[PDB]
Each structure stands twice: as structure tokens, then as C-alpha cells.
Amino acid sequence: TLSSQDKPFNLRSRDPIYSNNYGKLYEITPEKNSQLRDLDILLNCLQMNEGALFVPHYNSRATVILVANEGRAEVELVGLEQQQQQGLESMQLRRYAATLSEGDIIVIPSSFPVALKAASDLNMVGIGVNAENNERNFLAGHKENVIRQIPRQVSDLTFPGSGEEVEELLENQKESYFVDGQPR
């Protein structure tokens, strides 16, 4: 422990990037921390109420490693992922179905869409790879919504429903990132 504060000391989690009554997520970037830049590693921790859900999402450049430290977590994950194929028809959109535990590791690739629901006041550890200025783009919810950022006029064109349908549903879920597992 000691006292001589100086020679490459330490780093801990001050604040969530995201805090909702549903959960929290602390996150150190090599942009914030002085040690890290040098590894190209993102630190992250989270706190998920015995009920939350991480809203459908992807990291633009980060392949996240996630060990479940406390609890049991259901992992949902999508991806199209292997072009060493001579066309598209070939490769497919498979769904990654999996729930973890107290020793489980899960790697989340750079642009893959996933969510985790809570099946315990579950604590998650995740180390961020290739992570020099990575965006946590969100496909659902209120915040961090990209969709919502697609204009009325592209929307129609972009999914049967138009300004109406499209515009409105995104607007239903007045929550954020972490959300009601409210299973049905």
C-alpha cells in the first residue's frame, strides 16, 4: 500500500458511463487513463439489477471480452460472419444463444449486435480490445439511438411503415440502455 504516490500507481471506477435504476456500467478508456493507451485496452465494469436488459447494440471497433463475475447471464448475439465465400447467399445470419455463470467468458466482436438480460443482480467484467475511440452505438431505446437519427424520408424507404410506424415505435420505449427484462 504505503505512501510514496508516484511510480505508475493505480486506477479504479469512478462513474458509470451509464446509470439507470436498472443498471450501471463503469468504463476506462486509454483516452482517459494514462497506462492503458499503451495496451489499446478499454476497462469496463457494470452493475445489472436482478431485472435489467442491455439494449440491442454494437461496438464499432471493440471486441469485448466479458467474463461474468457475479451471477448468471443470458447472452444474445447476432452476426453474419465469414466471407471466404464466393457470393453472400452462402454466408448466414446466425444467432448466438447463450447464458453464462460464475466462470464464463464471452467475446463480442467489433460490430456485432447483442444484449444481456439479468438473471441475478449480476456483475460483469469486460476488457475492451482495439479500443482507441470506440462508439457504443445503440439500436433501441431513447438514447444513443442511431435509428432515430434516420430521417422520416429514408425511414419509409428503409422499412415498411414510413414516417408513421418507424418514427413512432422508437418513441415508445422511454427508457435508455438498461431496461425491463419484463419477460413475456
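Sequential numbering from 1, following the sequence displayed.
Taking the recorded C-alpha temperature factors, which stretch has the higher mean, 122-130 or 29-37?
-> Result of the comparison: 29-37.
Which of the two stretches, 94-102 or 81-89, shows the higher mean Cα temperature factor in the record?
-> Of 81-89 and 94-102, the stretch with the higher C-alpha B-factor average is 81-89.
Return the residue from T63, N49, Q153, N145 that has the highest Cα B-factor in the entry.
-> When the deposited C-alpha B-factors of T63, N49, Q153, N145 are compared, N49 is largest.
Third of chain Cα B-factors occupied by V67 | Tercile = lowest for this residue's CA B-factor.
Chain thirds of CA B-factor: placement of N59 | Tercile = lowest for this residue's CA B-factor.
Should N20 be placed in the lowest, middle or highest third of its chain by the C-alpha B factor in the entry?
-> Answer is middle: the recorded C-alpha B-factor places it there.
Modelled-residue ranking by C-alpha temperature factor, third containing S13 | Middle third of the chain for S13's C-alpha B-factor.
Sorting the chain's modelled residues by C-alpha B-factor, tell me whether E167 ends up in the lowest, middle or highest third.
-> It falls in the bottom third of the chain.
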